[PDB]
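Here is the structure we will look at.
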Amino acid sequence: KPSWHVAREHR
Amino acid sequence: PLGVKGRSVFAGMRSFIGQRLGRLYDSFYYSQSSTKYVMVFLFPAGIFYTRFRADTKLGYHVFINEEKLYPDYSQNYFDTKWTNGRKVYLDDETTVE
Amino acid sequence: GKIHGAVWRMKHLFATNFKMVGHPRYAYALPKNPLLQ
Amino acid sequence: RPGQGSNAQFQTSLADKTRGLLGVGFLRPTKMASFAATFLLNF
Amino acid sequence: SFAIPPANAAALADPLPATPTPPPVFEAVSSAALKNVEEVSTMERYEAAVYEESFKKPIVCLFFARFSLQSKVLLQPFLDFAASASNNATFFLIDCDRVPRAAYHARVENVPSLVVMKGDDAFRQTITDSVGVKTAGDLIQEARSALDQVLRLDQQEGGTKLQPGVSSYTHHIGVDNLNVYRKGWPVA
Amino acid sequence: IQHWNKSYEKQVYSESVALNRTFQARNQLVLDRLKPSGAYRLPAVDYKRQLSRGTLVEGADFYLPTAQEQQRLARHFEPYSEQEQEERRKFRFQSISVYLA
Amino acid sequence: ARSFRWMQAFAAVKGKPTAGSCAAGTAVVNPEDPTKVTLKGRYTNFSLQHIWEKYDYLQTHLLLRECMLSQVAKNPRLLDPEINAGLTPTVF
Amino acid sequence: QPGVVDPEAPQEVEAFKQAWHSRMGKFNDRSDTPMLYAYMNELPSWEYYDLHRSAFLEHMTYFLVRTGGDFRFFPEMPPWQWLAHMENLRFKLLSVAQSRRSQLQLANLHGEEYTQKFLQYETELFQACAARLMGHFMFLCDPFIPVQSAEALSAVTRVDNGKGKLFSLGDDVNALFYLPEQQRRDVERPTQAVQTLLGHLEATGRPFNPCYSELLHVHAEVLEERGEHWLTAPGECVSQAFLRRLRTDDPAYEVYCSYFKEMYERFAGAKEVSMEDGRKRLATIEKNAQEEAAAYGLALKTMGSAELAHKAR
Ligand SMILES: CCCCCCCCCCCCCCCCCC(=O)OC[C@H](COP(=O)([O-])OCC(O)COP(=O)([O-])OC[C@@H](COC(=O)CCCCCCCCCCCCCCCCC)OC(=O)CCCCCCCCCCCCCCCCC)OC(=O)CCCCCCCCCCCCCCCCC
Ligand SMILES: CCCCCCCCCCCCCCCCCC(=O)OC[C@H](COP(=O)([O-])OCC(O)COP(=O)([O-])OC[C@@H](COC(=O)CCCCCCCCCCCCCCCCC)OC(=O)CCCCCCCCCCCCCCCCC)OC(=O)CCCCCCCCCCCCCCCCC
Ligand SMILES: CCCCCCCCCCCCCCCCCC(=O)OC[C@H](COP(=O)([O-])OCC[N+](C)(C)C)OC(=O)CCCCCCCCCCCCCCCCC
Ligand SMILES: CCCCCCCCCCCCCCCCCC(=O)OC[C@H](COP(=O)([O-])OCC[N+](C)(C)C)OC(=O)CCCCCCCCCCCCCCCCC
Ligand SMILES: CCCCCCCCCCCCO[C@@H]1O[C@H](CO)[C@@H](O[C@H]2O[C@H](CO)[C@@H](O)[C@H](O)[C@H]2O)[C@H](O)[C@H]1O
């Protein structure tokens, strides 16, 4: 589940 | 050592209430905006309104004999048709007219 | 009943040991043996 | 000053401060409605 | 499932070892006890202070760490503030790595940190710069203001109005569970 | 393709700048004024941070309030005073008489 | 060789464990007085060890970068060896 | 409590501890059978950084640079000022990179691993440079300034305008040190340092890449954010500052301590030498220094990592 990309809401 | 001389149990109550309110404000501040506003204002408010209206006012189930007597609710939104058996809350001074 | 069973086992397993004057976790509080050196 | 170099970049517009006061991208009433719906469905 | 390995010899080693000192030439640069404070090195001393002296008269504790340069910058002005207001309050100098339980107690998250304490929960005001905008002078001014406030409140209402709060029943157990031993509660 | 995707990125970053400006404004207007002092903060630390600090304790779902009760198993000679022993001897059995009454 | 003495020392001390992969403290209770308990270790307000165990080196790396900047502010010709060797990303 | 004969036994204690941990985990942890993880739109620090490893790295590097400190003081939630500055720096870097890509990659016709490799290679490079300099006591020697050529001698003498002294060591130290005047023994700002470095490199004809240049500039900016005293205290030197900020649990702690001890005990007895007496010496120093630099490439294959080896080849 962990990722290297951050979404817009969690920026 | 319970209690201190010169201080009053009422002052202690006031201090405790202040602590509780400050803690509540801190916990509300450090919370999710998606859930706290709803769960703290909108559900309580609606529940309060519903309970108060039910336990204070008095309601009536209204029916109509024929369909030709039904009202015209085509324009107003959220109710485009009459349904018999409708719960209607009224005030004690309301008349038939 | 749970307490009864616990005490009933404590009896058999402690009262005739000669090694459990108390619980081992508190042996630091016992006096020191004059025979050891 | 230590942080003046960074705090100089923080100059907002009138519309920006109004939008912040209103909380456009931080209140998310759609998120609130989604939460309410999910919470009621969880019954 | 969540776990953290217990510890290592490195972590348990001395956090404050000695380092070589230079000769009297490197010290020659362009920018070139204390009888008023108490350097704390023991949680016993810290607790004695917080539980007796903080109830008698207020205390001001500076929590620092060697790696920090803000602490070196703030040390001297803190010593001057101590020499100034040593009659009204006590002054302590704490290192977080040498006495961590004192830092956990005061709820310090960044260094350096001033902490004004009276009653251990009656007036605990923490001054720090979590952003990095303030300076030593600003921190010392905030500390003076907090000390003035606590003294005024202590004089207010015949000495009362400053009573311990949650620490009266928490004993700082949620902050540091090791206070259960102090209180004598079991751990089995 | 290339041009459209690069322009998409550029407008994404424009939106990011707008979001950042409104974020700064929201904070420095509302939240820096409504921020709690910290006096009424939560009087506890998370168990994970305690475990990392080496401070967590897990046991004693119960407790012993008085030192007289704490040091019983350590005294080994007078776990209960004489008066306490005499008081305890009155509860060797439950009182079915009191129960019935 | 004697110049790379320090490189040899660094390579010797290569994979020694640190505090960034484990807890920073441990409690020890005095057996004679269980009411007395000591905390051996350091301070930490940090719990993301399962992530920092892989970047532990960044602290000293950035320290070295700052020190290199300080030295280069006086003499920038100290890096020329690596530039000539072709280690850094450069456009001759 | 269980109805066993000895509830205070180690078996019972350990069982209680394991049950405690398992309960707390089953309740709080993010799993496929979650109890408490629900209605999540704004995550706390721990879960946020566990899910977004990119932000943990950025938020951590910014903390170590903006505030020279240890990871053990990493804040629970960062300030909005820091977040905004990070966003601005990201905008800058990505603008530069996007322009360069537009102009090169199209005319031509897993980020975690790449970042890990980049950081590992960079730390190895800086460690190797530090070792090379410590080989001749040129790593951290302030207020002194090392010199290995007459050009550099003149360049660093132009600092104090010919004033100051020059010191030497005998045939084992392959460079000569320069002491400016006490009023000019200061340290320079990081932006000025980066500008000087880039100017010298571009004058020599060896400019860095634009991305790396922007990286250096942002590093210097976040360092400037510290304020007046960004690296050293008033009555402090760079070596003392390094030993101060050095992580104690670092394996190289004893190595650096030994180096600084030796450097101190050498500079304490170092001899003084005039200006003209060094230039003739600086010639042979430059000769043997270029020889050692040529040998360095092979020396990297001796103990350096495969990355350094392949990049040297
Ligand atoms: C109109 C719009 C309405 C919308 C709302 C608007 C705002 C109104 C106010 C809010 C009202 C809602 C209250 C919600 C609070 C609880 C739920 C919650 O979310 O809290 C989370 C919130 C945050 O908690 P957290 O973030 O999870 O962790 C921090 C801890 O809470 C931090 O803990 P701590 O370290 O700071 O201190 C420990 C804490 C512990 O709190 C807790 O952690 C949990 C508390 C347990 C809650 C449920 C307990 C139910 C127990 C069963 C009762 C059985 C009694 C049997 C008696 C038999 C004897 C005959 O102590 C307490 O505060 C609890 C005290 C009361 C417990 C009483 C139980 C009996 C014991 C009696 C003790 C002696 C009396 C007290 C004397 C004090 C000295 C004067 O909790 C708190 O902030 C403090 C706890 C709440 C205390 C009560 C606050 C006052 C509430 C007033 C209610 C009156 C409403 C009526 C208004 C009038 C309408 C007409
Ligand atoms: C008008 C004003 C307002 C009204 C107030 C009226 C007057 C009361 C004032 C307040 C109390 C007295 C104040 C002055 C006392 C001064 C003397 C003194 O200091 O010591 C006391 C005085 C002497 O004390 P002592 O010096 O220490 O020596 C004591 C003796 O050594 C003996 O010690 P022991 O260890 O041998 O204990 C003997 C015990 C023996 O141990 C036992 O209790 C075993 C049996 C327990 C039965 C199950 C318990 C269920 C409890 C439910 C309670 C609520 C029920 C609802 C209430 C209405 C029930 C119809 O027997 C009992 O005394 C307890 C009887 C409990 C009531 C029986 C309820 C019926 C049970 C039905 C079971 C069968 C179900 C199947 C039915 C089908 C049949 C065909 O003795 C007493 O008065 C004992 C007090 C009894 C209180 C009840 C026991 C505690 C149970 C707690 C239940 C939960 C209540 C929650 C309270 C409310 C919430 C906060
Ligand atoms: C009425 C039916 C009740 C039945 C169910 C409740 C259980 C029955 C037992 C009584 C319940 C109350 C027990 C209170 C125990 C607290 C005593 C105490 O010392 O607390 C510390 C406080 C604070 O003390 P202090 O901090 O100011 O000074 C002392 C400091 N130490 C402790 C360090 C020495 O002391 C008090 O001032 C007394 C508080 C209790 C009196 C109020 C009762 C609380 C219940 C009502 C809640 C609503 C409050 C607002 C009321 C407004 C009235 C208009
Ligand atoms: C015989 C009866 C026995 C039964 C006991 C009866 C009495 C006790 C019953 C209590 C049980 C029910 C308790 C449920 C409480 C849930 C409410 C709640 O926590 O809220 C949801 C929110 C949810 O927060 P959250 O969404 O961030 O996280 C919740 C949990 N997770 C993480 C899993 C999602 O909780 C809060 O954060 C705030 C709670 C404290 C505030 C309580 C409301 C009063 C607020 C007044 C302050 C107003 C300030 C306004 C300022 C405006 C400007 C900023
Ligand atoms: C902070 C303290 C708060 C404590 C709680 C106080 C109560 C707050 C709610 C009061 C509501 C007042 O508002 C009023 O409510 C009553 C009851 O619904 C309504 O009154 C209604 O019931 C009463 C009883 O027959 C009659 O007036 C009439 O039949 C009808 O109009 C009023 O039309 C409305 O104006």
**OP:** For residues that are within 14 Å of chain D (Cβ to nearest Cβ) and more than 30 Å from E:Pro22 (Cα to Cα), tally how many sit in region H:184-221.
**Re:** 3
Original post:
Has region F:39-47 got at least one residue that is of a type in the set (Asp, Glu) and more than 7 Å from every other protein chain (Cβ to nearest Cβ)?
Top reply: yes
Original post:
Is it true that some residue in region E:110-130 is away from chain F (no Cβ under 14 Å), under 22 Å from F:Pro36 (Cα atoms) and not acidic (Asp, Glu)?
Top reply: yes
Subject >> Among the candidates E:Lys161, E:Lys183, residue that is away from ligand 1 (no atom under 16 Å from the Cβ), under 21 Å from F:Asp61 (Cα atoms) and surrounded by fewer than 19 Cβ atoms within 10 Å (Cβ to Cβ) >> reply: E:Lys183
Subject >> Output for region H:31-52, where each listed residue is surrounded by 14 or more Cβ atoms within 10 Å (Cβ to Cβ) and either part of a helix (DSSP H, G or I) or more than 10 Å from ligand 4 (Cβ to nearest atom) (or both) >> reply: H:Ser45, H:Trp46, H:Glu47, H:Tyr48, H:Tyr49, H:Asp50, H:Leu51, H:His52
**OP:** Could you tell me which numbered condition E:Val116 fails, if it satisfies all but one of (1) assigned to a helix (DSSP H, G or I); (2) touching a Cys at 6+ places or on another chain (Cβ under 9 Å)?
**Re:** (1)
Subject >> Inter-residue pairs, beta-carbon under 9 Å, first over 11 Å from B:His61 (Cα atoms) and more than 14 Å from chain D (Cβ to nearest Cβ) and in region B:80-97, second among the polar types (S, T, N, Q) and away from ligand 3 (no atom under 16 Å from the Cβ), 6+ apart >> reply: B:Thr80/B:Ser74; B:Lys81/B:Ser74
Original post:
Looking at (1) more than 16 Å from ligand 3 (Cβ to nearest atom); (2) under 30 Å from H:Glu12 (Cα atoms); (3) exposed (fewer than 11 other Cβ atoms within 10 Å of the Cβ); (4) not hydrophobic (A, V, I, L, M, F, W, C), which is the one condition that is false for F:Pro79?
Top reply: (3)
Original post:
Taking only pairs six or more apart or across chains, which ones have beta-carbon atoms under 6 Å, a first residue in region B:1-26 that is within 12 Å of E:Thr160 (Cα to Cα), and a second residue that is among the β-branched types (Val, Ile, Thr) and more than 16 Å from ligand 4 (Cβ to nearest atom)?
Top reply: B:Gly6/E:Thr160; B:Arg7/E:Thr160
Subject >> Qualifying position, being outside any loop (DSSP other than H, G, I, E, B), more than 16 Å from ligand 1 (Cβ to nearest atom), over 30 Å from E:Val180 (Cα atoms) and within 14 Å of chain E (Cβ to nearest Cβ), among F:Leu51, F:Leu31, F:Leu73 >> reply: F:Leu31
Subject >> Some residue of region B:13-27 being within 11 Å of ligand 3 (Cβ to nearest atom), part of a helix (DSSP H, G or I), within 28 Å of E:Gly165 (Cβ to Cβ) and within 8 Å of another protein chain (Cβ to nearest Cβ) >> reply: yes
**OP:** Considering each of D:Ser6, D:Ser34 in turn, give the residue that is over 12 Å from B:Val38 (Cα atoms), assigned to a helix (DSSP H, G or I) and among the small types (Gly, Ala, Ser).
**Re:** D:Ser6
**OP:** Please tell me if B:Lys36 is more than 11 Å from ligand 1 (Cβ to nearest atom) and among the basic types (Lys, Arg).
**Re:** no
Original post:
In this structure, is D:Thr38 of a type in the set (S, T, N, Q) and within 18 Å of H:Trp80 (Cβ to Cβ)?
Top reply: no
**OP:** Report yes if some residue within region E:13-33 is within 17 Å of the chain's Cα centre (by Cα) and more than 13 Å from chain H (Cβ to nearest Cβ); otherwise report no.
**Re:** yes
**OP:** Go through region B:68-97 and count every residue that is surrounded by fewer than 10 Cβ atoms within 10 Å (Cβ to Cβ) and under 25 Å from B:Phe52 (Cα atoms).
**Re:** 9
**OP:** Enumerate the pairs (first residue in region B:33-58 and assigned to a helix (DSSP H, G or I); second residue anywhere and within 14 Å of ligand 5 (Cβ to nearest atom)) with beta-carbon separation below 7 Å, excluding pairs fewer than 6 apart on the same chain, so at least 6 apart or on different chains.
**Re:** B:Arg53/B:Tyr89
**OP:** Please enumerate the residues belonging to region H:224-255 that are in contact with a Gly (Cβ under 9 Å, 6 or more places away or on another chain) and within 14 Å of chain D (Cβ to nearest Cβ).
**Re:** H:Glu224, H:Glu225, H:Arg226, H:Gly227, H:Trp230, H:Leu231
Subject >> Residues located in region H:162-194, provided they are under 21 Å from G:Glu66 (Cα atoms) and of a type in the set (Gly, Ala, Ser) >> reply: H:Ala193
**OP:** Check every one of the helices (runs of 4 or more DSSP H) wholly within chain G and list those with 1 or more residues that are more than 7 Å from every other protein chain (Cβ to nearest Cβ), under 19 Å from H:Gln116 (Cα atoms) and of a type outside the set (A, V, I, L, M, F, W, C).
**Re:** G:49-52
Original post:
Looking at region H:67-104, which of its residues are within 11 Å of chain G (Cβ to nearest Cβ) and either assigned to a helix (DSSP H, G or I) or not acidic (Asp, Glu) (or both)?
Top reply: H:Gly68, H:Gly69, H:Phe71, H:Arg72, H:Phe73, H:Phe74, H:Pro75
Original post:
Across region H:282-313, which residue is nearest to H:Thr123 (Cα to Cα) among those that are of a type in the set (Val, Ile, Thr) and exposed (fewer than 15 other Cβ atoms within 10 Å of the Cβ)?
Top reply: H:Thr302
Subject >> Single condition B:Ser31 does not satisfy, out of (1) under 30 Å from H:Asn41 (Cα atoms); (2) exposed (fewer than 11 other Cβ atoms within 10 Å of the Cβ); (3) of a type in the set (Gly, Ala, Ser) >> reply: (2)
Subject >> Filtered residues of chain C (kept if among the small types (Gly, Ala, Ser) and surrounded by 10 or more Cβ atoms within 10 Å (Cβ to Cβ)) >> reply: C:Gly5, C:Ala6, C:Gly22, C:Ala27, C:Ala29
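Okay, residues lined up against (1) in a helix (DSSP H, G or I); (2) surrounded by 21 or more Cβ atoms within 10 Å (Cβ to Cβ); (3) among the aromatic types (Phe, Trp, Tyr):
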{"residue": "E:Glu47", "(1), (2), (3)": "yes, no, no"}
{"residue": "E:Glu53", "(1), (2), (3)": "yes, no, no"}
{"residue": "E:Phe63", "(1), (2), (3)": "no, yes, yes"}
{"residue": "E:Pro77", "(1), (2), (3)": "yes, no, no"}
{"residue": "E:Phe81", "(1), (2), (3)": "yes, yes, yes"}
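We did not get these values from a lab; they are worked out from the coordinates using the rules stated. Because the Cβ atoms are built from the backbone with ideal geometry, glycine has one as well, and the counts that use them run over all protein chains shown.
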